[PDB]
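In case you want the letters, here they are:
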Amino acid sequence: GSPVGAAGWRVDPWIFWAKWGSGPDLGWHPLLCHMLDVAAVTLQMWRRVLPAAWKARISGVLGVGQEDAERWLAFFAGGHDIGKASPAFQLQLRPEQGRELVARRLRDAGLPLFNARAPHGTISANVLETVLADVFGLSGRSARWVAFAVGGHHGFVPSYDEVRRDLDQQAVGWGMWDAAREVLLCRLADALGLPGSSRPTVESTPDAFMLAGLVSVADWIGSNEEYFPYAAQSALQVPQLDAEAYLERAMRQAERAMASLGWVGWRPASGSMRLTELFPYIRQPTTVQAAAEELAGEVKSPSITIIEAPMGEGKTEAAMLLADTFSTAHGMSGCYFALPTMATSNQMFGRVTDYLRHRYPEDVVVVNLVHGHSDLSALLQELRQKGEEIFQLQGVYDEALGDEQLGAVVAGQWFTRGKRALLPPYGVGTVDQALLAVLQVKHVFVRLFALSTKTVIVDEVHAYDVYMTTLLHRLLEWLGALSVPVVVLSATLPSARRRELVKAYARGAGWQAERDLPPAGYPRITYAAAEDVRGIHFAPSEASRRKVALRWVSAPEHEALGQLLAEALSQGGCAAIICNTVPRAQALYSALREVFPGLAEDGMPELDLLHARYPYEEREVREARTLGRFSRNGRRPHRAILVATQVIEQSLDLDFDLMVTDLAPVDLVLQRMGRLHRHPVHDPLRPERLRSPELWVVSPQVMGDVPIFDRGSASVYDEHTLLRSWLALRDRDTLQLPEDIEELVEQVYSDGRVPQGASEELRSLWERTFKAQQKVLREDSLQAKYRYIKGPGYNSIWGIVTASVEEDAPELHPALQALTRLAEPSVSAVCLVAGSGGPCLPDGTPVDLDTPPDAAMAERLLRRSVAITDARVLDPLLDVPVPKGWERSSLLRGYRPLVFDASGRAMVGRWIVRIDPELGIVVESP
Ligand code: NI
Ligand code: NI
Ligand code: NI
């Protein structure tokens, strides 16, 4: 019973606040200004950033024309903070920043005051779900969907009960507050020209869901005070503004901010280029590239493509040629390049840069070189490079963080951390960043939205990963719903995997056509579209036709391994030994120092070690040395040995005369084997003993016929898979490539239960390990409701994510990533030295843990960073609090100080942790 009189309808919109300053900044930003800012950011996104296919698709989903869909999207995005016009939010002010002035200001307007609290986004959902219908004429489902999606902007879309049951009425207010919000919303809509345009339809769940990500990003752009200064110079006075002129200035500011981010202006300027043109360095295209070039002329706008060729065949140029065809011919301006988990992004960027120069004006040089990167080195150089190049946020009022500056920090991690690579139209990063889009994590919809504008290339997919997890399948479903073109690259996939992946993308795209996948010989390119489903075989390159000698080194021989290496390398040659874990690599290297004490031509020892567990600058040094020795253009040593973990297995473009590896799932052993004699140019200079390729696998202890895998390998990989791999490999003397790649992988995963007629204990090991594996998969399937987001076909906008909603901000990497086995759980730590006056840099300045670092000091700290993953110290390290200055820093939030003494020792739980100049971080028992 709240009849508002005309005096109540008067109100004056500008009195309400959305942002407020703290200390040096005494000013504040009116809510109508903020809504106009986010709407302006949305308009400029529509006009200068978003790819044409995305605009056409979303306009079609909305059922209206493009200008109309644009103005309405700007309306919803601007309307994201309408819930701030409540007593609960307006009264939030600190007394020292003038809460009383605002209180008198609202009291003069006749607005009732209540001290009840509620997050403003939930309030926004609660008001929009009715007002968007009763006033603006949207259907109730449309109003509801927009209300929830828009109301989720701070991290999670609200649960149904939060909006429609558990929300206190005093927090929202009614009568006068409804009239005030109606006035703000109407002035917003009039500023964007909504009357009397045709009403949009927003009843598609997946689309509303990623649109929430668009809203969050537009709010982040609107939160940069450098580009969006607060309109009110003081708490004492209310600005007298014109909404239209302010919208114009807001549009200029939005264009400037996004220009600073490098989001403009990627105009393809067609164009219609062949593969030799985009990649001049190649002479004769490889057969896979030729088949892709032939495929390119008929590819459909929403489609999935799977490319299976032996490693070194150049699948990436084919993939990029396809993405280029998508951008030029199908309006998909943009691409995310999803590199393998262990892979560093580093070597890959330059290729993308070169492709960009051949398609875009040299403005590329001003943009991607800073922005498409996710590697830490780009962040370091960007920090060293004056001026303040890092985009910065303030006044992000996240409900479940202590304060708005903390919310601004957590939101600004999107411009500091590796996930930043998602944002730009072109970006290169880890596949994990894309895979997170289907986890129940904060701002998943932001990841769905960032992916929604690009074609997606998944580099180096392994059979083991698509067998052990469903992450890629789910992501493919969501990508299919959002009409995102996808190219998956792999050395080989079992047919069941190709089928389930293509079926996942098709299931997401709604392709009701059910007709079968066409079988084709390896190597091959599978392809699928609406009316089209192809399977194209092509001939392997003659260079791919090799015989690889296979050799086992058993447990009794395992310390003769140094001797076997000595005889094999007596005439020199480059050799690599891939261990499955860091401790195994450190141990093997330490054992190997006696056998190879010599110095290489680069002035560094011929024996070398490479793994991720080093402070980052040391990683840079060791990696530069490794690339310097074993890369295709590198100065190849007469003799060198590299002990390394799987960071070599998936990243660097290396070539070795001899390969040794721990037993692993066969696709991974083959992937490691792809570095063996990788570059033909090195052939003439190879030592005579090593001219015929050889793969040594370290044999497990064998009791009778029953293998006993080492604990580290058993912990890293599924043991049944290790067993199947060992069974498939043990009798072999010679591998016949290309064909043995697909043959071995198909044998290990795809189907055959082959005990082969052996001991009862071996059979028991088979059945037991298989039972454990299946129990793991089944347990992940039953627990899926607590881990994965709902698929695209889910009935309602609410409940796509349920728990731990708005915590905030819940993992993410330490927890959910591990349970879904997206990646190993880990702790980020900064290595420092002990001393009075607190922790120090190694040379030798004191560190202030109590205050956030400046960009230079943060650069120095990040140089000391390392990602600990060893299980023994992981928990005790997490028990160490993140220092209060670091938690208020977007650059260093989540990092843990790790203070070694003068001896390089530090106590961590029951364990000694040691910083070794040769070994890197070493965990050992006292
Ligand atoms: Ni908000
Ligand atoms: Ni906002
Ligand atoms: Ni906000």
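Residues numbered from 1 in each chain as written, not as in the entry; some residues may be left out. Chains lettered and ligands numbered in written order. Heavy atoms only, no water.

Enquirer: Would you mind going over the overall build of the protein in detail, with residue names and values included?
Expert: A count of helical and extended segments in the protein gives 38 helices and 24 strands. For 926 residues, the compact-globule estimate of 2.2 N^0.38 gives 29 Å, and the protein sits close to it at 29 Å. Judged by the C-alpha coordinates and their principal axes, the protein covers about 95 × 70 × 55 Å. For the protein, with 926 residues in total, the buried portion stands at 61%. In the protein, of all internal contacts separated by at least 6 residues, the share reaching a separation of at least 24 is 77%. (Helix = DSSP H or I, 4+ residues; strand = E, 2+ residues; numbered from the N terminus. Rg over C-alpha atoms; globule rule 2.2 N^0.38 Å. Buried < 20%, exposed > 50% of the residue type's maximum accessible area, 1.4 Å probe, protein only. Contact = heavy atoms within 4.5 Å.)

Enquirer: Account for the pattern of salt bridges, naming residues and giving values.
Expert: Counted under the stated rule, the structure contains 54 salt bridges. For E308, the salt bridge goes to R498, with nearest N and O atoms at 2.8 Å. Placement of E308 in strand β3 (residues 304–308) and of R498 in helix α25 (residues 495–509) is noted, with a sequence separation of 190 residues between them. The residues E308 and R498 share a single accessibility class, namely buried. (Salt bridge = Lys/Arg side-chain N within 4 Å of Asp/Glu carboxyl O.)

Enquirer: An account of the sheet that holds strand β4 (residues 335–339) is needed here, citing residue identities and associated values.
Expert: Judged by pairing direction, the sheet is mixed, and its seven strands sit side by side in the order β5-β4-β6-β7-β3-β8-β9 without closing on themselves. Each end of this open sheet is capped by a strand with a single partner; those strands are β5 (426–430) and β9 (533–537). Geometrically, the sheet is characterised by an average inter-axis angle of 10 degrees between neighbouring strands, direction not taken into account. Examined bridge by bridge, β3 and strand β8 (residues 524–528) share five bridges and lie antiparallel to one another. Residue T305 lies in a different strand from β8, and its bridge partner there is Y527. Against the sheet, helix α16 (residues 315–330) engages β3, β4, β6 (455–458) and β7 (486–490), with an angle of about 175 degrees to β7. (Pairing = 2+ DSSP bridges. Axes fitted to C-alpha atoms, helices over the stretch in contact; angles between N-to-C directions.)

Enquirer: Describe the UniProt feature "binding site: dATP" (unreviewed entry) in the protein, naming the residues involved and giving the relevant values.
Expert: Under the feature "binding site: dATP" (unreviewed entry), the UniProt entry names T286, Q289, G312, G314, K315, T316, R351, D653, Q671, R675 and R678. Looking at the element boundaries, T286 is found in the loop between α14 (275–278) and α15 (287–296). Here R351 lies in helix α17 (residues 349–357). (UniProt positions renumbered as here; feature names shortened; annotations may be inferred.)

Enquirer: Quick rundown of the coordination of the nickel ion (ligand 2)? Include the residues and the values.
Expert: A four-donor tetrahedral metal ideally has 109.5 degree angles, and a six-donor octahedral metal ideally has angles of 90 or 180 degrees. Bound to the nickel ion (ligand 2) are the protein donor atoms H34 (NE2), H80 (NE2), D81 (OD) and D219 (OD), situated 2.0 to 2.2 Å from the metal. Taken together, the four donor atoms surrounding the nickel ion (ligand 2) define angles of 85 to 170 degrees at the centre, an arrangement classified as irregular. A spacing of 3.9 Å is found between the nickel ion (ligand 2) and the nickel ion (ligand 1), which share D81 as a donor. (Donors = N, O, S within 2.8 Å, 3.2 Å for Na, K, Ca; no water. Tetrahedral: all angles 85-135°; square planar, octahedral: opposite > 155°, others 65-115°.)

Enquirer: Pulling in residues and values, what's your account of helix α19 (residues 376–384)?
Expert: Of all the residues in α19, the buried ones are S377, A378, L379, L380, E382 and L383. Those residues of α19 that are buried are in contact with α18 (364–371), α20 (404–416), α28 (616–630) and α36 (855–863).

Enquirer: If you had to explain the side chain of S59 to someone new, which residues and values would you point to?
Expert: Examined against the element boundaries, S59 turns out to sit in helix α3 (residues 52–62). The exposure class of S59 is buried, given its relative accessible area of 4%. There is a polar contact of 2.7 Å between the side chain of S59 and the backbone oxygen of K55. (Polar contact = N/O pair within 3.5 Å; in protein donor to acceptor, adjacent residues only side chain to side chain.)

Enquirer: I'd like to hear about the pairing of β6, residue by residue, with values.
Expert: Alternating residues of β6 divide into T455 and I457 and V456 and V458, and every residue in both groups is buried. Pairing between β4 and β6: four bridges, direction parallel. Directly across from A338, in β6, lies its bridge partner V458. As paired elements, β6 and β7 share three bridges and run parallel to each other. Looking across to β7, one finds that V458 is bridged to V488.

Enquirer: So what about the packing of helix α2 (residues 31–48) against helix α11 (residues 176–191)? Which residues, and what values?
Expert: To characterise two packed helices, one gives the angle between the axes of the helices and the distance between these axes. Relative to each other, α2 and α11 sit at 35 degrees, their axes nearing to 10 Å. α2 and α11 meet at a crossing whose hand is right-handed. Between α2 and α11, the residues in contact are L31, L32, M35, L36 and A39 and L184, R187, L188 and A191, respectively. Of the residues that constitute the contact of α2 with α11, the class distribution is eight nonpolar, no polar and one charged. (Left-handed = near helix turned anticlockwise from the far one by under 90°. Nonpolar A, V, L, I, M, F, W, Y, C, P; charged D, E, K, R; others polar.)

Enquirer: Help me get a handle on the environment of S925, residues and values and all.
Expert: Within the secondary structure, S925 sits in the segment after β24 (920–924). Through-space distance from the C-alpha of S925 to that of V913 is 8.7 Å; in sequence the pair is 12 residues apart.

Enquirer: Could you give me a rundown of the sheet that holds strand β20 (residues 865–868), with the residues and numbers involved?
Expert: Taken in spatial order, the three strands make up an open sheet running β20-β19-β21, and their pairing is mixed. Strand pairing shows two members of the sheet lacking a second neighbour, β20 and β21 (896–900), which therefore form its edges. With direction set aside, neighbouring strand axes in the sheet form an average angle of 40 degrees. In this structure, strand β19 (residues 827–833) lies alongside β21, joined through five bridges in parallel fashion. Within the sheet, the bridge partner assigned to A829 lies in β21 and is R896.

Enquirer: Kindly report on a nonpolar patch on the surface, identifying the contributing residues and their values.
Expert: On the surface, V365, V366 and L369 cluster together into a nonpolar patch covering about 250 Å² of accessible area. Its place among the elements puts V365 in helix α18. (Patch = residues over 30% accessible without salt bridge, like charges linked within 9 Å, V, L, I, M, F, W, Y side chains within 5 Å. Areas by Shrake-Rupley, 256 points an atom, 1.4 Å probe, with all protein chains shown as cover.)

Enquirer: Give a description of the pairing of β5 that names residues and reports values.
Expert: Counting buried positions over the five residues of β5 gives five, a clear majority of the element. With five bridges connecting them, β4 and β5 associate as parallel partners. Across the sheet, the residue bridging to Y336 is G427, located in β5.

Enquirer: I'd like to hear about the packing of α2 against helix α12 (residues 205–222), residue by residue, with values.
Expert: The interhelical angle for the contact between α2 and α12, taken along N-to-C directions, is 115 degrees, at an axis separation of 9 Å. In this view, α2 runs roughly perpendicular relative to α12, as classed from their interaxial angle. In this structure, α2 meets α12 at a crossing whose hand is right-handed. Note on element contacts: α12 touches α2 through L214, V217, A218, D219, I221 and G222, opposite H34, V38, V41, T42 and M45. Across the contact of α2 with α12, the residue classes break down as seven nonpolar, three polar and one charged. (Parallel < 35°, antiparallel > 145°, perpendicular 65-115°, else oblique.)

Enquirer: I'd like a description of the domain arrangement of the protein, backed by residues and values.
Expert: Segmentation of the protein into domains returns domain 1 (1–263), domain 2 (264–540), domain 3 (541–757) and domain 4 (824–926). Centre-to-centre, using C-alpha coordinates, domain 2 lies 29 Å away from domain 3. Counting from both sides, the interface comprises 28 residues of domain 2 and, opposite them, 35 residues of domain 3. Summed over both sides, the interface between domain 2 and domain 3 buries roughly 2,700 Å², with carbon and sulfur atoms accounting for 59% of that surface. Taken together, the links from domain 2 to domain 3 amount to one salt bridge. Among the salt bridges present, the one from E742 reaches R524, with a minimum N-O distance of 2.4 Å. Here domain 2 is connected to domain 3 by 12 residue pairs in polar contact. Mapped by element, the contributors of at least two residues to the side of domain 2 that touches domain 3 are α19 and α23 (463–468). It is α23 that contributes the most residues to the side of domain 2 that touches domain 3, four residues altogether. Counted by class, the side of domain 2 that touches domain 3 contains 17 nonpolar, eight polar and three charged residues. (Domains from an automatic or database assignment. Buried area = accessible area lost by both parts, 1.4 Å probe.)

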